[PDB]
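Here it is: the structure, laid out below.
As written, the chains take the letters A, B, C, D, E, F and G, and residue 1 is the first residue of each chain.
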Amino acid sequence: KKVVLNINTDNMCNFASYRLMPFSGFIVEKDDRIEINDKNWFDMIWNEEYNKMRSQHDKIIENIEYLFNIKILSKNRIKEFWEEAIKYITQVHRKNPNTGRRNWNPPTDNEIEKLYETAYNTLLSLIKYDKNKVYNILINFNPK
Amino acid sequence: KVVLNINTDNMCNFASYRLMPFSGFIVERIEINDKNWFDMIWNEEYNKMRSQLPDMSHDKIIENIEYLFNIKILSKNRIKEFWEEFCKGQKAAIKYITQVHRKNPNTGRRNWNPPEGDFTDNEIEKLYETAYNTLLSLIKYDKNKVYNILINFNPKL
Amino acid sequence: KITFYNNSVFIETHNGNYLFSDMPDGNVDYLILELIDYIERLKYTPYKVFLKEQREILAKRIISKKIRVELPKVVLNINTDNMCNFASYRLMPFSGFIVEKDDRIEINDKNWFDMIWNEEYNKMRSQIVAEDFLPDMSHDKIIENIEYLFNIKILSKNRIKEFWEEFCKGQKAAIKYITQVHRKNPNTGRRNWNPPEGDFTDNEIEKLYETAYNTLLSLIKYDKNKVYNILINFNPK
Amino acid sequence: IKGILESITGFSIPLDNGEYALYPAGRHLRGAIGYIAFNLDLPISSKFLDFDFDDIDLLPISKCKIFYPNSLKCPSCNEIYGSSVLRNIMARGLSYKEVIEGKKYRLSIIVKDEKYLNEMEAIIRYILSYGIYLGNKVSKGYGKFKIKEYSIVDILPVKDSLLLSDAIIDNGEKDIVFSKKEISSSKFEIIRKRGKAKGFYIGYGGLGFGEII
Amino acid sequence: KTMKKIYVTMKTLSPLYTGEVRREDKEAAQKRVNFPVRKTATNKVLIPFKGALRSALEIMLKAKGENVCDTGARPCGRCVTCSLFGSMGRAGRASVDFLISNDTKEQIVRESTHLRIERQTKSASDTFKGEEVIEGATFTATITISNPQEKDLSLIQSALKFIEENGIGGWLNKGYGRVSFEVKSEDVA
Amino acid sequence: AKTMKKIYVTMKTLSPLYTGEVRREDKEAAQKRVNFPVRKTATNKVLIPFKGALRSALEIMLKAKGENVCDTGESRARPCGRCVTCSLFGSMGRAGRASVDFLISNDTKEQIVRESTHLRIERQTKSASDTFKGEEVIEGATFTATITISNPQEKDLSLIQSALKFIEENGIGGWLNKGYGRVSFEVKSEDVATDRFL
Amino acid sequence: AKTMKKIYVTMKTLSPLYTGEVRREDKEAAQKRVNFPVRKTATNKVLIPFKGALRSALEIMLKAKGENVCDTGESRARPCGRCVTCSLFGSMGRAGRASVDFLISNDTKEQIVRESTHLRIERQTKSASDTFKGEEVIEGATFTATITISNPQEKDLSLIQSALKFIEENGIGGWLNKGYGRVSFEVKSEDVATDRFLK
């Protein structure tokens, strides 16, 4: 079969009048058309096959004032809550069983866990409140 | 033009493409060709500047290496060291296998690992000769075939 | 310090005493050029003179006068000795390799390239493996077995991650991975499993390894959507 | 001029009411070649400064042919374009939007008289060696556009009664805005018109604005 | 008139970080990498290079003694950096390209883990993943200067040496972005 | 602003040095052979993170001396912006004055990096229960770095040198408790102006 | 916190010391001459692992005493983090406060390193059935190590000294059954400040 180099020949050496080059490419049979392509090629198709396998109320506002005052319920939190939300809030409060690392912000340790719980409560309740009410509530706290 | 100058065997099937990992030399009538060209060219010009095997079947090779691996005549240190001398050429592998197999005239002790079991003297020497003939005939094969043969017995070759 | 003489520059540095060509009185470490008398009249005979072909014949005279004569990235040698003497030239019949780094250029032999070719061969071989890209239990039993081996840390998040990567590469690659992981070593007696936490003996530990083997074997027969919904609960990434 | 331009780097082209042009217009090609022509001393710069010269838009091309009319559907393949191509950029206190690069666009510069061709061929040579920069933030590296092909084919005008680009006629519901920013005059004007909607060439505001397909 | 075209070849010596700015591509990449590198849709790497040149010239010309505005304030329009790298009104003569890589993403861009270690406990308190460019990765640019002057190549090369010593892109204090810039000037008339 | 501080750091290893590979692609390529690869360049030279070690040294020393110095070591801890290491190394708003380069080796991986065998031995039967291969940088291998301080102060160099002697006392890189990473630093400082290039 | 403990140990060798070479390329260079190379630096000085010996000594004695100590010697065993040796030598969530340096010889190679011959003899015949060559460290060679205890306690120096006497009793590394590695220790400790470098 006809054989085509996809490799770059624009780097060479001259030894014994032979224009040689050490190379580490892969030879591919493709339907009576053989080719020898580089490592990048295999990187690209390994990525393509991986992506193909990958194709499958006043107290609430006062709690937000306290929490944003010590910045545990900060601006990106308010944004990503707006971007949303129950599964999000579940995913940003769940304590890691190995390290005990809740994904909130740092603000005693008992007060820290109470404040963390306070956030989960306030975050869950505000999603209970309808849109616009929370939206307005959240604008003067983080305008975005 | 392309002349591949390599065996197009050992073709695995990643995804829907029959690939085959390779490392060789492109030489310009362009001709991709393997490490044997570099051995030939290196010997040729290195001496031009100095001017002032047994053949046993592949199934029987695999079965005998499996048998000697179970009774610990061939071990992971031996399969790795023989692979290192096989990468150094087909003449260093002959020297290494001859050095391991040889009976020292004063002691009579071959450098193989002794078998594990209840084998008598003639059976032990027959298995030593089996290891010699098997690793001697294995060299007659190419690097990829040698690699697929010994990669089962030693997974970190 | 730069003095003068009859055209002579006499630049003194901290390293060496150059003289570009009356003669001076100090040491003229490097001299740059009847002149033999100009050499012989000059105190502290120079180390190495810096001298169209008549030059070379003159240099032979400078060679005979017992004076060194030169006729007009750091490079290191990783070579041998061998040596030879042909046509008044100490030689070496060697062919090799010029390796270019950021600061050094080194001259290496073919043995270093064989070292590099062995490494590149061993690198290439461990990229393409087999056909990249069974028992059976119920789905809920698979859930409680993965929960139980997660609690006792036999099946960990890293093991679930490599299981998902070997499952995306296909069925046979994942079969090879679990048969490698559950491989009891005949000369050592350990498998490639995380040992469970808890007060256990050898029999229930071996049984738990067997149910880990059977659970990860029976999960392979399921499709990718069920396996993804089975393993996100334990490994969220 | 028949050719294909590849967006090497993305371009940002803002419009009023919040939106961005989904591809570069012919006014931007006209402006950028006018900037190159003043920077090369070629005598076409006074014609550029004139805004009613016919003597001399960039629509995306498809997997087929050219996309036709904010979405632009393909004629044959019926592939869809638009609102999957715009991308938001928040960079150092600025929030703009751009188009992802790596996409291929048409060439439309049709010289009605032969007398300036050489001139047009000359600036195409500059583009063929250096590239044209269309859009906002031109000096920041944005808006690069290489040429992949170049040829010259004469064209007879329309012999019919659609508007691929936009048009300027009477009073319209839509609103089109272009500008004039004259170097060596210190003058910039965001000039306003209304025009019609989309879907030779002119009609009827400018040469590099109207299109009849 | 004449114009000056400077081809900037760039070799990477220490790993390069330029944060991705495309929001949809960022949030497509945030499930895996917390700091995606600035990437094209042609899978190439973008580096802003007019800001680094302008800032280098501003600090160097300010510490020399010349009257140059400091951005970080509107441009004055009368200084050297306003006549070269732009002012609100007068456009800049020096259009400076993005530093486009000659290679694609899969050869030069790697996901790398970075830490935050507690000082007393001496364990990894925090963790993140950021994309970075490998070293030896070659980037190309061409900058175009219309109506050049005598002090045109020297200012560009001096700002280029300031970027070699200081770095380009983000994470500059940690050692990221230390590059070497070769050059190639030509005059087009 | 008219002057800058250039600290050329030449560091040699008295103990074997390990720092861990960070690139995932490089690390997953390396575990087919080795379990703990050393962080290297794509130009095969060894790289060590350096700003974190100097910053951690200054935080521990300055906290133990008694200055009002914030701690950025804890999880998601915020720098205050008032202490001397916030001014010297970085703050949440103001950038760091010291642009600390990476520790770039002079030699490549074939000269200084060597793969070795580490163990885990049972205490009762005295047998090697586990075994793993890890790369390390050899002893006497030299590394170069450059610390560029813009807007310098009088006491910045004393702080950097004190942090360097603390890194000699503790170690740099990983596996510091097992004896790895003990180093010796040479310092060449100099005052420059910023318009040497001009 | 404010202070840290410095424990300088100077260990002299009484019976010959072997600690095996770890580097695979240094091994493969040295197996053409010596079957058992000694652990060595690139600056030709002998390296000995020290943290594992002290840790294993403390776990063995504190387990025999009956104290709550985990074992980190079984296969893939993880430290709990609540023991007494878990504080000194580390756990999964916390590092060890006692950073223990490698034992590095004051002399160099080719001065304390001596290559020797070892035997295996038939019991029925009394003939040298096997022979190998191993690289040892001579007796009287002096090694120097430092232990930096970051957060000192009252019982750290006593625990370190007790582990040192156990290393004297058992041997430090290598063929400890045959009699190799029997050493003795000299201890000099001081409570230095953490801010001593801040002049």
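Everything below uses one rule, namely that a residue touches a chain if its C-beta (ideal position, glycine included) is under 8 Å from a C-beta of that chain, and two chains touch if they have at least 3 such contacts.
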Touch-network distance, chain C to chain F, counted in steps: 1
Pair sharing more residue contacts (C-beta pairs) when C-G is set against F-G: F-G
Chain B and chain C: spacing of chain centres that average the CA atoms, whole Å: 26
Cα-centroid distance, chain D relative to chain F, in whole angstrom: 53
Centre-to-centre distance between chain D and chain A (centres being mean Cα positions), rounded to whole Å: 37
Of all residues in chain B, the ones touching two or more other chains: 14-15, 19-23, 45
Per-residue overlap in chain D, given as positions that touch at least 2 other chains: none
Chain E, residues touching no fewer than two other chains: 13, 120, 122
Residues of chain B that touch chain A when the two form their complex: 2, 4, 6, 8, 11, 14-15, 17-28, 30, 32, 41, 44-45
Complex interface listing, chain A residues touching chain E: 40, 43-44, 47
Complex contact set, residues of chain G against chain F: 1-2, 22-26, 41-43, 45, 47, 49-52, 56, 59-60, 63, 71-77, 89-90, 95-96, 98-102, 104, 145, 148, 176, 193-195, 197-199
Parts of chain A lying in touch with chain F, wherever the complex brings them together: 101, 105-106
Residues on chain E engaged by chain G in the complex (per definition of touch): 120-123
